[PDB]
Amino acid sequence: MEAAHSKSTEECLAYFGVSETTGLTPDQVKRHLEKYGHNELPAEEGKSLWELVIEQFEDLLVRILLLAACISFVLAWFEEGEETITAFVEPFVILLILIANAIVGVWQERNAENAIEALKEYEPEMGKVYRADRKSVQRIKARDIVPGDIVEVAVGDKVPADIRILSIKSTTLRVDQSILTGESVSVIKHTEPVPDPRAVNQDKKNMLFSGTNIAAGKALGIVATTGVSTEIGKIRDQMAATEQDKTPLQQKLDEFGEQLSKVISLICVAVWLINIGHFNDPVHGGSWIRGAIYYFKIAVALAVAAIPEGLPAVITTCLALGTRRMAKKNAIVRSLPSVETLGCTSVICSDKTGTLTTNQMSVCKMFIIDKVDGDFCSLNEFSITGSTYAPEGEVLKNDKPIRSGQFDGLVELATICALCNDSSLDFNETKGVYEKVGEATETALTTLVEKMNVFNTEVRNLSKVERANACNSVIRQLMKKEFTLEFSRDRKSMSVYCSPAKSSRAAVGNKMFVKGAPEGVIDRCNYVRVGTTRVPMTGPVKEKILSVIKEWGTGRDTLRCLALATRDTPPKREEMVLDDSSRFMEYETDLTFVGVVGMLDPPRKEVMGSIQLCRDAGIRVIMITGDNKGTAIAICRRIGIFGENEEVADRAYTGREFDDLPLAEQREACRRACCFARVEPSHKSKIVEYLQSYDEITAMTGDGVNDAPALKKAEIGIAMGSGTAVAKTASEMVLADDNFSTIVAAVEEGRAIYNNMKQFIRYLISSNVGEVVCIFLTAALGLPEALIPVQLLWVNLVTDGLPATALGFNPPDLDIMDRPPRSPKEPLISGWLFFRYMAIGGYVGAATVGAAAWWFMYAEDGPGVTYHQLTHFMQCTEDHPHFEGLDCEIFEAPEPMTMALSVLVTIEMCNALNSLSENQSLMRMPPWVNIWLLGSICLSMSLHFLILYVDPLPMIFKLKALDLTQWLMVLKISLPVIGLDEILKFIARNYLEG
Ligand SMILES: Nc1ncnc2c1ncn2[C@@H]1O[C@H](COP(=O)(O)OP(=O)(O)CP(=O)(O)O)[C@@H](O)[C@H]1O
Ligand SMILES: [Ca+2]
Ligand SMILES: [Ca+2]
Ligand SMILES: [Ca+2]
Ligand SMILES: [K+]
């Protein structure tokens, strides 16, 4: 722990007693680990509080029923009902259905968080450190980083710990500190001490803070603090209310829930108004307001039934369920609305290098100039064995292993690859594998130098650790790297200014070693090196070099190519200003061509299959890369974006070609082109921007810092697990698996969510409407009451609870990935879907009423009398109108209220079976595709059988179970409602794109 950023670079090194270039010894690391602990915060085991998870009572709908149960609890405490126990069942029934959905909701939120945190720990954060047991930089777990050791940081790296800057290898260092200071744009760092000890974080310009990202440059530093002493560690739980808001779909349903409230409220008030006639009816005797209290109970109870109380929980469930499914496929969701938005995605933008490709780079081909004689130019081509970063391979010429030192051109080629390089190799002992340190492109050159061994260095007797950078270290001991002009994606090249290491025997020449994009580098070459000789760049020589480059990139291997050049006579250092990066290209002119390297970069296996699935799902895929167009087009053909011979004359554009187009043509090009090569980070963001101008949901996939602007711009940013931290920071999803196939699954899963949310709405509306229609159909036709305040709360608990919620666990539709992406601005309920809600709601209302009437009109146990209660409901006892009223008490009979109560339950469990798919029949999608639903149906049916035969309960819910013959009628009328929907589903199936 060093608490001072005011100390100099020497004082920091002296404090921990560590050598700047060597790092902490193994014994030092041991002590510092005991004294300062592991560089790990606990992560806080209390991610959530059990009860805090339980608070699912925030939604308006839960609050309504919450209050609704209260009024029935107040109406049960004092008067307002004679038999109190039955009135004490009312609020407990309402509480019962809420807790059921609450348990379900709490459960899924619990499973999600657990699965999320488990997936987050799969890949241990690694850091680059110099330590005494190794000459080259090595990679260790970030938690094993202790205060005092030398840590190396590069572009795209997450800063592993609080670090005092010792040396900036680049000409500048920019850092993204938004996670700590809120500074939107990157800030510049230096090495000079900031004298003030109490200085705020924004002024610590000689410090790197853990959790921040290196925007540009490369630096060497020493850890000041780790663990909880780290600046970002103190503030993680320090401030609250920084959490996420509700998703677009969730906001869409919130709107929907309130509109339902206004309708149901109107209806409930309307139910109260239409029944102000039975004000003074003998049921409550002669009552001026007591008669209203009962119908106020009816209105309130009808609300609770009609209100989709399960809706708030089923959204959170479907979301948490989707996340958990994604978690199983090693996909990390950093932003909740990522899955629902991806479901309605029409265009997927994807980076090529590292994203569409495995980023396991290995130079397998390279050439230098052989002979130059007029219009004649011949090249010395070479092949390199080894597809890994391992320093094991051969340099083949004419299918013969050769010594690269034999060719002077290869000597300088290897020199450039070694010096003009900000990467290295580190052997990981754990299951022994050579790992890259930095960018894969540069490491492929590092392993090349090792394979070439141009100075015949004895490497046989070296360990696998030393061997990783054996030949590279030899070259570095021959030329002192003064400074480095960093790789810039505008000039697309990189150079290093070097002087002879001896500096005593040799002072003959300073050199600039340049590598970069072939086209750019070659253009800035005026000379061509032939061994140790140098000749002027001409037409024929230029054409020869370029044509071979075109061959490799278009070939069956599709080689990523780099040109390597040298400035024989560079400007004196005084004439060079390292301040502006725009003048670096000027410094990299009058170069001497040395050679061209060719890299193998295999596409990921699952990409080709995934693209076809995207094409079938109406999702378009565009490749966006800074690489050569020839190789980009060739890869596009290799992965299926383009056919093998599509001849895509107007479907592929370079950054130059794209800019030469007017704004209108650029915007239109993004519609037709599926391949953008040689483009800058700004182009990637602009392409996504154009696609969104057509009101499209655009997704972006990348791994580098050149994808960062486009990742933040797109609807959904998806990062690679092996990618940079800058890209992950700018993303909504992270694929730790590096599995591109998960994206297609993520799209599919999000559409199941929407469709399941649809079927949930389709079930509850079309069923609860039928409940409402029933109440209206009886009160208007002048029939006895079908239901009672208690009975109303029962058909709610049974039909609007778990059988409703279980629809959230519905399987994806059969043609879910054969239909086009849903437009984001589609109406939640289509104009025609609303007709189903009535067509089903109409029959349910007519089924529940016909049941209570059939007891009155055709039941043998009942009176069995013909039409319409002998035309009126007036009768009650003898001596009223003598219209053959042989029957005495055939009114206020509890058996038909049953009959309605039982049809209502049965017909909704019946209706729920239609909510397995939007338009697919029960034939193609049988009931056993959802076991969770059938269990809820059985539970609801069993709960209804229980409430009817357990003798004290019939007294409460008023039910003499006319068991055999009448349940048949209940089952009989409830059955066509699934038959009708089956016919109703067949219509829209065939009506719209049959
Ligand atoms: N370290 C490096 N030094 C010099 N040139 C480099 C380099 N890394 C890449 N280049 C070259 O610069 C070109 C443009 O760089 P850029 O980073 O924008 O594209 P890219 O192909 O490497 C990333 P992607 O394909 O993921 O978008 C590359 O095509 C490559 O030829
Ligand atoms: Ca309800
Ligand atoms: Ca990349
Ligand atoms: Ca219902
Ligand atoms: K974004």
# chains A, B, ... in the order shown; residues from 1 in each chain; ligands from 1
$ residues_around --residues "region 618-628 of chain A" --least-positions-apart "4" --cutoff "6 Å" --atoms "only C-alpha atoms" --output "PDB file with C-alpha atoms, in the first residue's frame"
ATOM      1  CA  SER A 346     -33.612  -7.088 -38.401  1.00  0.00           C
ATOM      2  CA  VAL A 347     -29.916  -6.384 -38.999  1.00  0.00           C
ATOM      3  CA  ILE A 348     -26.876  -7.839 -37.232  1.00  0.00           C
ATOM      4  CA  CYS A 349     -23.634  -5.930 -37.763  1.00  0.00           C
ATOM      5  CA  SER A 350     -20.545  -7.997 -36.978  1.00  0.00           C
ATOM      6  CA  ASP A 351     -16.809  -7.348 -36.777  1.00  0.00           C
ATOM      7  CA  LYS A 352     -14.610  -9.720 -38.781  1.00  0.00           C
ATOM      8  CA  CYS A 614     -30.435 -15.355 -39.541  1.00  0.00           C
ATOM      9  CA  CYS A 674     -23.113  -6.719 -46.590  1.00  0.00           C
ATOM     10  CA  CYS A 675     -19.359  -6.143 -46.483  1.00  0.00           C
ATOM     11  CA  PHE A 676     -17.513  -3.002 -45.384  1.00  0.00           C
ATOM     12  CA  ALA A 677     -13.720  -3.242 -45.378  1.00  0.00           C
ATOM     13  CA  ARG A 678     -10.833  -0.858 -44.636  1.00  0.00           C
ATOM     14  CA  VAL A 679     -13.127   1.272 -42.480  1.00  0.00           C
ATOM     15  CA  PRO A 820     -39.534 -12.082 -40.242  1.00  0.00           C
TER      16      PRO A 820
END
$ residues_near_ligand --ligand "ligand 1" --cutoff "9 Å" --atoms "only C-alpha atoms and all ligand atoms" --output "PyMOL selection string"
chain A and resi 351-357+420-423+439-442+486-495+514-519+560-564+624-628+632+677-681+684+702-707
$ residues_around --residues "region 367-383 of chain A" --least-positions-apart "3" --cutoff "9 Å" --atoms "only C-alpha atoms" --output "MDAnalysis selection string"
chainID A and resid 363:364 394:399 409:410 413 528:531 535 538:541 544:545 593:598
$ residues_around --residues "residue 840 (chain A)" --least-positions-apart "2" --cutoff "10 Å" --atoms "only C-alpha atoms" --output "list in words"
residues 762, 763, 765, 766, 767, 768, 769, 770, 835, 836, 837, 838, 842, 843, 844, 845, 846, 911, 977, 978, 980, 981 and 984 of chain A
$ residues_around --residues "residue 451 (chain A)" --least-positions-apart "4" --cutoff "12 Å" --atoms "only C-alpha atoms" --output "NGL selection string"
:A and (362-364 or 383-396 or 401-405 or 410 or 414 or 417-418 or 444-447 or 455-457 or 459 or 467-472)
$ write_last_selection --atoms "C-alpha atoms" --output "PDB file, in the first residue's frame"
ATOM      1  CA  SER A 362      -0.288 -17.713 -37.481  1.00  0.00           C
ATOM      2  CA  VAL A 363       1.788 -16.452 -40.389  1.00  0.00           C
ATOM      3  CA  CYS A 364       1.890 -19.277 -42.930  1.00  0.00           C
ATOM      4  CA  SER A 383       5.703 -20.986 -46.230  1.00  0.00           C
ATOM      5  CA  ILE A 384       5.493 -21.263 -42.444  1.00  0.00           C
ATOM      6  CA  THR A 385       4.271 -24.323 -40.545  1.00  0.00           C
ATOM      7  CA  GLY A 386       2.382 -24.073 -37.258  1.00  0.00           C
ATOM      8  CA  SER A 387      -1.135 -22.724 -36.784  1.00  0.00           C
ATOM      9  CA  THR A 388      -0.642 -21.793 -33.127  1.00  0.00           C
ATOM     10  CA  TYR A 389       1.326 -19.061 -31.359  1.00  0.00           C
ATOM     11  CA  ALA A 390       3.836 -21.730 -30.369  1.00  0.00           C
ATOM     12  CA  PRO A 391       7.445 -21.091 -31.501  1.00  0.00           C
ATOM     13  CA  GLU A 392       7.377 -24.492 -33.218  1.00  0.00           C
ATOM     14  CA  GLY A 393       7.449 -24.555 -37.008  1.00  0.00           C
ATOM     15  CA  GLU A 394       9.537 -24.429 -40.175  1.00  0.00           C
ATOM     16  CA  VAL A 395      10.215 -21.916 -42.939  1.00  0.00           C
ATOM     17  CA  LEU A 396       9.668 -23.719 -46.240  1.00  0.00           C
ATOM     18  CA  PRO A 401      12.956 -26.316 -44.839  1.00  0.00           C
ATOM     19  CA  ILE A 402      15.412 -23.416 -45.039  1.00  0.00           C
ATOM     20  CA  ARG A 403      17.407 -21.250 -42.648  1.00  0.00           C
ATOM     21  CA  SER A 404      15.837 -17.781 -42.729  1.00  0.00           C
ATOM     22  CA  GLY A 405      19.231 -16.276 -41.912  1.00  0.00           C
ATOM     23  CA  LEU A 410      14.240 -12.256 -44.166  1.00  0.00           C
ATOM     24  CA  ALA A 414      12.310 -10.628 -38.836  1.00  0.00           C
ATOM     25  CA  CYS A 417       8.469  -8.027 -36.925  1.00  0.00           C
ATOM     26  CA  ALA A 418      10.415  -8.140 -33.658  1.00  0.00           C
ATOM     27  CA  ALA A 444       1.670 -13.949 -34.944  1.00  0.00           C
ATOM     28  CA  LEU A 445       4.769 -11.955 -35.867  1.00  0.00           C
ATOM     29  CA  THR A 446       6.394 -12.692 -32.509  1.00  0.00           C
ATOM     30  CA  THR A 447       6.028 -16.446 -32.998  1.00  0.00           C
ATOM     31  CA  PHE A 455      20.755 -15.397 -36.182  1.00  0.00           C
ATOM     32  CA  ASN A 456      20.932 -19.163 -35.611  1.00  0.00           C
ATOM     33  CA  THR A 457      20.601 -18.629 -31.858  1.00  0.00           C
ATOM     34  CA  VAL A 459      17.441 -22.443 -28.591  1.00  0.00           C
ATOM     35  CA  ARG A 467      11.716 -20.186 -25.854  1.00  0.00           C
ATOM     36  CA  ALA A 468       8.612 -17.983 -26.115  1.00  0.00           C
ATOM     37  CA  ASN A 469      10.717 -14.870 -26.749  1.00  0.00           C
ATOM     38  CA  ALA A 470      14.210 -16.280 -27.313  1.00  0.00           C
ATOM     39  CA  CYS A 471      14.799 -15.095 -30.883  1.00  0.00           C
ATOM     40  CA  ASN A 472      12.956 -11.824 -30.246  1.00  0.00           C
TER      41      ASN A 472
END
$ select_by_dssp --residues "region 73-308 of chain A" --states "strand (DSSP E)" --output "number ranges by chain"
A: 126-130, 138-141, 150-153, 162-168, 174-176, 187-188, 207-208, 213-216, 219-225
$ residues_near_ligand --ligand "ligand 2" --cutoff "12 Å" --atoms "only C-alpha atoms and all ligand atoms" --output "CSV table (one decimal) with N, CA, C and O atoms, in the first residue's frame"
chain,number,residue,atom,x,y,z
A,61,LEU,N,-51.3,-3.2,-10.5
A,61,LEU,CA,-52.2,-4.3,-10.5
A,61,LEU,C,-52.2,-5.1,-9.1
A,61,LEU,O,-53.3,-5.4,-8.6
A,62,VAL,N,-51.0,-5.3,-8.6
A,62,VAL,CA,-50.9,-5.9,-7.3
A,62,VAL,C,-51.5,-5.0,-6.2
A,62,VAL,O,-52.2,-5.5,-5.3
A,64,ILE,N,-53.9,-2.8,-6.6
A,64,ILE,CA,-55.4,-2.8,-6.7
A,64,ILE,C,-56.0,-3.9,-5.9
A,64,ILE,O,-56.9,-3.7,-5.0
A,65,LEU,N,-55.6,-5.2,-6.2
A,65,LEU,CA,-56.1,-6.3,-5.4
A,65,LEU,C,-55.7,-6.3,-4.0
A,65,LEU,O,-56.4,-6.8,-3.1
A,68,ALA,N,-58.2,-4.2,-2.7
A,68,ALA,CA,-59.5,-4.9,-2.9
A,68,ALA,C,-59.7,-5.9,-1.8
A,68,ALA,O,-60.8,-6.1,-1.3
A,93,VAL,N,-58.5,-15.5,0.1
A,93,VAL,CA,-58.5,-16.0,-1.2
A,93,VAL,C,-57.7,-15.1,-2.1
A,93,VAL,O,-56.9,-15.6,-2.9
A,94,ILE,N,-57.9,-13.8,-2.0
A,94,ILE,CA,-57.2,-12.8,-2.8
A,94,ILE,C,-55.7,-12.8,-2.4
A,94,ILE,O,-54.8,-12.7,-3.3
A,97,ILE,N,-53.7,-16.0,-4.1
A,97,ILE,CA,-53.3,-16.0,-5.5
A,97,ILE,C,-52.1,-15.1,-5.7
A,97,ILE,O,-51.3,-15.4,-6.5
A,98,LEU,N,-52.0,-14.1,-4.9
A,98,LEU,CA,-50.9,-13.2,-5.0
A,98,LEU,C,-49.6,-13.8,-4.6
A,98,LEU,O,-48.6,-13.7,-5.2
A,101,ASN,N,-48.2,-16.4,-7.1
A,101,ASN,CA,-47.5,-15.7,-8.1
A,101,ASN,C,-46.2,-15.0,-7.6
A,101,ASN,O,-45.2,-14.9,-8.3
A,260,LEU,N,-56.3,-1.1,-18.9
A,260,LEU,CA,-57.1,-2.1,-18.5
A,260,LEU,C,-57.8,-1.7,-17.2
A,260,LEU,O,-59.0,-2.0,-17.0
A,261,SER,N,-57.1,-1.0,-16.3
A,261,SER,CA,-57.7,-0.5,-15.1
A,261,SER,C,-58.8,0.5,-15.3
A,261,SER,O,-59.8,0.4,-14.6
A,264,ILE,N,-61.9,-1.7,-16.7
A,264,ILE,CA,-62.5,-2.6,-15.7
A,264,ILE,C,-63.2,-1.7,-14.6
A,264,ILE,O,-64.3,-2.1,-14.2
A,300,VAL,N,-66.5,-4.9,-7.0
A,300,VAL,CA,-65.1,-5.1,-6.5
A,300,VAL,C,-64.6,-6.5,-6.8
A,300,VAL,O,-63.4,-6.7,-7.3
A,301,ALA,N,-65.4,-7.5,-6.6
A,301,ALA,CA,-65.0,-8.9,-6.8
A,301,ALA,C,-64.8,-9.2,-8.3
A,301,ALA,O,-64.0,-10.0,-8.7
A,302,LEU,N,-65.6,-8.5,-9.1
A,302,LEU,CA,-65.6,-8.7,-10.6
A,302,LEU,C,-64.3,-8.1,-11.1
A,302,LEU,O,-63.7,-8.5,-12.1
A,303,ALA,N,-63.8,-7.0,-10.5
A,303,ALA,CA,-62.6,-6.4,-10.8
A,303,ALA,C,-61.4,-7.3,-10.6
A,303,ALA,O,-60.7,-7.6,-11.5
A,304,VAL,N,-61.3,-7.8,-9.4
A,304,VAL,CA,-60.3,-8.8,-9.0
A,304,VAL,C,-60.2,-10.0,-9.9
A,304,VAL,O,-59.1,-10.4,-10.3
A,305,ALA,N,-61.3,-10.4,-10.4
A,305,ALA,CA,-61.4,-11.5,-11.4
A,305,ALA,C,-60.9,-11.1,-12.7
A,305,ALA,O,-60.0,-11.8,-13.3
A,306,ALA,N,-61.4,-10.0,-13.2
A,306,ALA,CA,-61.0,-9.5,-14.6
A,306,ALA,C,-59.6,-9.0,-14.6
A,306,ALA,O,-58.9,-9.1,-15.7
A,307,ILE,N,-59.1,-8.4,-13.6
A,307,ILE,CA,-57.8,-7.8,-13.5
A,307,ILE,C,-56.7,-8.8,-13.7
A,307,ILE,O,-56.6,-9.8,-12.9
A,308,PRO,N,-55.8,-8.7,-14.7
A,308,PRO,CA,-54.6,-9.6,-14.9
A,308,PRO,C,-53.6,-9.4,-13.8
A,308,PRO,O,-52.5,-8.9,-14.1
A,309,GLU,N,-53.9,-9.8,-12.6
A,309,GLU,CA,-52.9,-9.7,-11.5
A,309,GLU,C,-51.6,-10.4,-11.7
A,309,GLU,O,-50.6,-10.1,-11.1
A,310,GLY,N,-51.6,-11.4,-12.5
A,310,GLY,CA,-50.5,-12.2,-12.8
A,310,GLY,C,-49.5,-11.6,-13.8
A,310,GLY,O,-48.4,-12.0,-13.9
A,311,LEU,N,-50.0,-10.6,-14.5
A,311,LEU,CA,-49.2,-9.9,-15.5
A,311,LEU,C,-47.9,-9.3,-15.0
A,311,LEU,O,-46.9,-9.4,-15.7
A,312,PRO,N,-47.9,-8.6,-13.9
A,312,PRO,CA,-46.6,-8.0,-13.4
A,312,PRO,C,-45.6,-9.1,-13.2
A,312,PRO,O,-44.4,-8.9,-13.4
A,761,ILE,N,-51.7,-12.7,-22.3
A,761,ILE,CA,-52.7,-11.7,-22.5
A,761,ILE,C,-53.9,-12.3,-23.2
A,761,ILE,O,-55.1,-12.0,-22.9
A,763,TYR,N,-55.0,-15.3,-23.1
A,763,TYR,CA,-55.7,-16.2,-22.2
A,763,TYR,C,-56.6,-15.4,-21.2
A,763,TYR,O,-57.8,-15.6,-21.1
A,764,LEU,N,-55.9,-14.5,-20.5
A,764,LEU,CA,-56.6,-13.8,-19.4
A,764,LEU,C,-57.7,-12.9,-19.9
A,764,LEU,O,-58.8,-12.8,-19.3
A,765,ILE,N,-57.5,-12.1,-21.0
A,765,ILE,CA,-58.5,-11.3,-21.6
A,765,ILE,C,-59.7,-12.1,-22.0
A,765,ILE,O,-60.8,-11.9,-21.5
A,766,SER,N,-59.5,-13.0,-22.9
A,766,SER,CA,-60.6,-13.8,-23.5
A,766,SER,C,-61.3,-14.6,-22.5
A,766,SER,O,-62.5,-15.0,-22.8
A,767,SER,N,-60.7,-14.9,-21.4
A,767,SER,CA,-61.4,-15.7,-20.3
A,767,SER,C,-62.1,-14.8,-19.3
A,767,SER,O,-63.2,-15.1,-19.0
A,768,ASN,N,-61.4,-13.8,-18.9
A,768,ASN,CA,-62.0,-12.9,-17.9
A,768,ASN,C,-63.1,-12.0,-18.5
A,768,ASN,O,-64.0,-11.6,-17.8
A,769,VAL,N,-63.0,-11.8,-19.8
A,769,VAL,CA,-64.1,-11.1,-20.5
A,769,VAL,C,-65.3,-12.0,-20.4
A,769,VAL,O,-66.4,-11.5,-20.1
A,771,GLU,N,-66.1,-14.0,-18.1
A,771,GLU,CA,-66.6,-13.9,-16.7
A,771,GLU,C,-67.4,-12.6,-16.6
A,771,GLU,O,-68.5,-12.7,-16.0
A,772,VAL,N,-67.0,-11.5,-17.2
A,772,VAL,CA,-67.7,-10.3,-17.2
A,772,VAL,C,-69.0,-10.3,-18.0
A,772,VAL,O,-70.0,-9.9,-17.6
A,792,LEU,N,-67.0,-15.2,-7.0
A,792,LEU,CA,-66.3,-14.4,-8.0
A,792,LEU,C,-64.8,-14.4,-7.7
A,792,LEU,O,-64.0,-14.5,-8.6
A,793,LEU,N,-64.5,-14.4,-6.4
A,793,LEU,CA,-63.1,-14.4,-6.0
A,793,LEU,C,-62.5,-15.8,-6.1
A,793,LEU,O,-61.3,-15.9,-6.1
A,794,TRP,N,-63.3,-16.8,-6.3
A,794,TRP,CA,-62.9,-18.2,-6.4
A,794,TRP,C,-62.4,-18.5,-7.9
A,794,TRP,O,-61.4,-19.1,-8.1
A,795,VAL,N,-63.3,-18.1,-8.8
A,795,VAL,CA,-62.9,-18.3,-10.2
A,795,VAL,C,-61.7,-17.5,-10.6
A,795,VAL,O,-61.1,-17.7,-11.7
A,796,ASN,N,-61.4,-16.5,-9.8
A,796,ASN,CA,-60.2,-15.7,-10.0
A,796,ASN,C,-58.9,-16.4,-9.6
A,796,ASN,O,-58.0,-16.6,-10.3
A,797,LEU,N,-59.0,-16.9,-8.3
A,797,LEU,CA,-57.9,-17.6,-7.7
A,797,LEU,C,-57.5,-18.8,-8.5
A,797,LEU,O,-56.3,-19.2,-8.6
A,798,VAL,N,-58.5,-19.5,-9.1
A,798,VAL,CA,-58.2,-20.7,-9.8
A,798,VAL,C,-57.9,-20.6,-11.3
A,798,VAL,O,-57.1,-21.3,-11.9
A,799,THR,N,-58.4,-19.5,-11.9
A,799,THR,CA,-58.2,-19.3,-13.4
A,799,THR,C,-57.3,-18.2,-13.8
A,799,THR,O,-56.9,-18.1,-14.9
A,800,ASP,N,-57.0,-17.3,-12.8
A,800,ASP,CA,-56.1,-16.2,-13.1
A,800,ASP,C,-54.8,-16.2,-12.4
A,800,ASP,O,-54.1,-15.2,-12.2
A,801,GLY,N,-54.5,-17.4,-11.8
A,801,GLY,CA,-53.3,-17.6,-11.1
A,801,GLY,C,-52.2,-18.4,-11.8
A,801,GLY,O,-51.6,-17.9,-12.8
A,802,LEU,N,-51.9,-19.6,-11.3
A,802,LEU,CA,-50.9,-20.4,-11.9
A,802,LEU,C,-51.1,-20.9,-13.3
A,802,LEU,O,-50.2,-20.9,-14.1
A,803,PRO,N,-52.4,-21.3,-13.7
A,803,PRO,CA,-52.6,-21.6,-15.1
A,803,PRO,C,-52.3,-20.5,-16.0
A,803,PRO,O,-51.9,-20.7,-17.2
A,804,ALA,N,-52.4,-19.3,-15.5
A,804,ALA,CA,-52.0,-18.1,-16.3
A,804,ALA,C,-50.5,-17.9,-16.3
A,804,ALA,O,-49.9,-17.8,-17.4
A,805,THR,N,-49.9,-18.0,-15.1
A,805,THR,CA,-48.5,-17.8,-15.0
A,805,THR,C,-47.7,-18.9,-15.7
A,805,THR,O,-46.6,-18.6,-16.3
A,908,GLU,N,-62.2,-22.1,-18.5
A,908,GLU,CA,-61.0,-21.3,-18.5
A,908,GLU,C,-59.7,-22.2,-18.6
A,908,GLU,O,-58.8,-21.9,-19.3
$ residues_around --residues "region 71-73 of chain A" --least-positions-apart "2" --cutoff "7 Å" --atoms "only C-alpha atoms" --output "mmCIF file with N, CA, C and O atoms, in the first residue's frame"
data_model
loop_
_atom_site.group_PDB
_atom_site.id
_atom_site.type_symbol
_atom_site.label_atom_id
_atom_site.label_comp_id
_atom_site.auth_asym_id
_atom_site.auth_seq_id
_atom_site.Cartn_x
_atom_site.Cartn_y
_atom_site.Cartn_z
ATOM 1 N N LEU A 67 -55.579 -3.582 -2.174
ATOM 2 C CA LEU A 67 -56.609 -2.726 -1.603
ATOM 3 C C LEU A 67 -57.971 -3.409 -1.641
ATOM 4 O O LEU A 67 -58.790 -3.234 -0.739
ATOM 5 N N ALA A 68 -58.206 -4.191 -2.691
ATOM 6 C CA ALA A 68 -59.476 -4.885 -2.869
ATOM 7 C C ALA A 68 -59.715 -5.908 -1.763
ATOM 8 O O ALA A 68 -60.848 -6.111 -1.328
ATOM 9 N N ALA A 69 -58.644 -6.552 -1.315
ATOM 10 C CA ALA A 69 -58.738 -7.507 -0.219
ATOM 11 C C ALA A 69 -58.975 -6.779 1.098
ATOM 12 O O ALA A 69 -59.612 -7.309 2.008
ATOM 13 N N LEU A 75 -65.181 -4.945 5.369
ATOM 14 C CA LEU A 75 -66.586 -5.332 5.278
ATOM 15 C C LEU A 75 -66.874 -6.599 6.081
ATOM 16 O O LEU A 75 -68.026 -7.008 6.215
ATOM 17 N N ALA A 76 -65.825 -7.216 6.616
ATOM 18 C CA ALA A 76 -65.971 -8.452 7.375
ATOM 19 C C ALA A 76 -65.777 -8.232 8.874
ATOM 20 O O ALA A 76 -66.101 -9.102 9.682
ATOM 21 N N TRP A 77 -65.253 -7.067 9.243
ATOM 22 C CA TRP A 77 -64.935 -6.787 10.640
ATOM 23 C C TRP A 77 -66.128 -6.229 11.414
ATOM 24 O O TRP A 77 -66.315 -6.545 12.588
ATOM 25 N N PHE A 88 -64.517 -13.775 5.671
ATOM 26 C CA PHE A 88 -63.107 -13.807 6.048
ATOM 27 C C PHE A 88 -62.324 -14.681 5.077
ATOM 28 O O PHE A 88 -61.097 -14.619 5.020
ATOM 29 N N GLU A 90 -62.904 -14.400 1.843
ATOM 30 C CA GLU A 90 -62.729 -13.485 0.714
ATOM 31 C C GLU A 90 -61.342 -12.826 0.635
ATOM 32 O O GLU A 90 -60.691 -12.906 -0.406
ATOM 33 N N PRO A 91 -60.880 -12.173 1.721
ATOM 34 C CA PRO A 91 -59.574 -11.525 1.553
ATOM 35 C C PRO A 91 -58.420 -12.523 1.547
ATOM 36 O O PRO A 91 -57.368 -12.239 0.976
#
$ closest_residue --among "A:512, A:904, A:956, A:983" --to "ligand 4" --atoms "only C-alpha atoms and all ligand atoms"
A:904
$ residues_around --residues "residue 585 (chain A)" --least-positions-apart "3" --cutoff "9 Å" --atoms "only C-alpha atoms" --output "number ranges by chain"
A: 491, 493, 524, 581-582, 588-589
$ closest_residue --among "A:672, A:480, A:284, A:246" --to "residue 650 (chain A)" --atoms "only C-alpha atoms"
A:672
$ closest_residue --among "A:202, A:645, A:848, A:915" --to "residue 774 (chain A)" --atoms "only C-alpha atoms"
A:848
$ residues_near_ligand --ligand "ligand 5" --cutoff "9 Å" --atoms "only C-alpha atoms and all ligand atoms" --output "JSON, numbers by chain"
{"A": [699, 700, 710, 711, 712, 713, 714, 715, 716, 717, 718, 730, 731, 732]}
$ closest_residue --among "A:87, A:222, A:126, A:177" --to "residue 729 (chain A)" --atoms "only C-alpha atoms"
A:177
$ select_by_dssp --residues "region 756-882 of chain A" --states "helix (DSSP H, G or I)" --output "VMD selection string"
chain A and resid 756 to 781 789 to 799 802 to 809 833 to 857 867 to 870
$ closest_residue --among "A:952, A:945, A:987, A:906" --to "ligand 4" --atoms "only C-alpha atoms and all ligand atoms"
A:906
$ closest_residue --among "A:243, A:59, A:482, A:574" --to "residue 334 (chain A)" --atoms "only C-alpha atoms"
A:243
$ atom_distance --atom1 "CA of residue 221 (chain A)" --atom2 "CA of residue 29 (chain A)"
16.1 Å
